[PDB]
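Each of two forms of one protein chain follows alone as structure tokens, named structure 1 and structure 2.
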Structure 1
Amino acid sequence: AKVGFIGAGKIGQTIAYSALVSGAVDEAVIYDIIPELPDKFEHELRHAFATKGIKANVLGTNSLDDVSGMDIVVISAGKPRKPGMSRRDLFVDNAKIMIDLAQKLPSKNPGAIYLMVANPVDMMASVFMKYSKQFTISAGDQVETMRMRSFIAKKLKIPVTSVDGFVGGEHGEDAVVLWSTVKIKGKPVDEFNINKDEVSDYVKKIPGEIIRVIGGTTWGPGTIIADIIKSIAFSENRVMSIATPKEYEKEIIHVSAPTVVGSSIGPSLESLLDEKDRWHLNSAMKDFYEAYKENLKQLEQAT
């Protein structure tokens, strides 16, 4: 696929690098508002490519117009979290970015899939889609999903490959582990020595903890989001707990649920969850819709 990267900070570089070395990206165009940053990143990539024999076309640029004719456009441009902040605290800052980008990108990338990475991720995806009128998805709870699998595997001292399942609903701190999907070698997680609250808590806290020590999350979400790109680019049909757009009281919202990710996106698999999980996903919709409306008014308090 041809993939545009809007944002070449820590997470944008990690995602682009990981997606490029995985072989899923035939051509990439990497943009950033910071002078020379994308350009120097391009050189980094070429140097890396030489050792691997990678021939992917890469352009690092400060010119937004170079992001044209892409299949997928990955948006990580935004303020990141500082210790002590919630993700939703960023709404007003980063929504202005999305509003601006929504004016500019569409005419150059008609029919592209837009992949939101910038936080608060689900909200950003809704804002971007509202303004751009372009099909937009959010990395959503796919990162949470993998964090959950890896914690459970570490806890039982089993390979992560023995664990299956997803995290879903609202993003981050408000996500829910979808326990009816969670299986260990095919068996319900109940059959195991697993404290469900300890799993949820690790998932919600570990990014905050990475931020406090390292300064931001990189390798994990970078790899994970790149795999979303790869599933689209190779048409692999991986079920991923991304957030796809839904209509709710005539407003576009984004909420996560296991979703088939291929050259085409969908369907989402919420209808196949157990009752409790389906109730949590309905709930997540109502809560998201309420918090997002509030946030839109508070932004409308521009003047």
Structure 2
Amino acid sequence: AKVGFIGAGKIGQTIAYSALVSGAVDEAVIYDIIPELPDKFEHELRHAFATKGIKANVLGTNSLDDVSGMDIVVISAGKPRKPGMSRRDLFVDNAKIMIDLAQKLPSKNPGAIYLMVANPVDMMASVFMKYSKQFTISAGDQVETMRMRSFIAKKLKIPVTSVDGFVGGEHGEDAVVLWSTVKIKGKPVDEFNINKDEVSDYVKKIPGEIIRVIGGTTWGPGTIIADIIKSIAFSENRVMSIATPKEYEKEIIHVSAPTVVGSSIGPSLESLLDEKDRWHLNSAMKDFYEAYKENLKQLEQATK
């Protein structure tokens, strides 16, 4: 696929690297406001390509106009999410960038899927789509999903390949494990000794721990988000807990549920979950709506 990267920070680069080396991206244009960053990153990529035999086309640019004719545009531009900053405050910071980008990118990229990575990620997507009018998904809880899976694996001392299931609903600390999806060696999770609350708060707390010690989350989200790009690029039909647009009284919101991801997206599979999880998902919609609507009002004091 031809993929455009808006943001060449830590997560931008990890995502780009990982999707380029897997083959999911044959052609990429990489954009940032920082002068000469895209260019130097491109040199890095080209050196990495030599040892692998990768002939993919790559352009690092400081000119937004060079991002045109893309199939997918991955947006990771924005201030990071450190503990002590509320969702509301980050929203106020970062929505500006999305509103700006909504005015420029759609012009140069006709049928492009927009993939949001910048936080607060599902809210960033809802805003970007509100103003861009382009189809926009959020990476959502696919990362959370893989965190849950690896944790259950280490705890039971089994390979991760024996764990199935999804985290969904709202992003980050508001995420919920969809327990009706979770299976261990193919069997209901209730047959095993696992403490659900422990799993749930590992998932919610680990990104904060990682940021505290290292300064940022990269290898995990960047591979996981690159695997989303790959399932689109290769039309793999992987079910992923990304967040897709839904109409709700009657604004557009994004919430995560297991969704079929291929050359086309989706459908989402919320209708196939048990009662408890459909309930948690409904609740997530109500709460997202409330919070997002409020933040939208606040922001709209973009005075005079």
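C-alpha atoms forming the largest set that superposes within 1.5 Å between two forms make up the rigid core. Numbers given to residues start at 1 and step along the sequence of structure 1.
- Comparing the two forms between structures 1 and 2 on the rigid core, the single residue of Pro110, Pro159, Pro83, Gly186 with a CA shift of 2 Å or greater is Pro83.
- Taking the core as the fixed frame between structures 1 and 2, we note the C-alpha of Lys133 moving 0.1 angstrom.
- Taking the rigid core as reference, the CA displacement of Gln298 between structures 1 and 2 comes to 1.0 Å.
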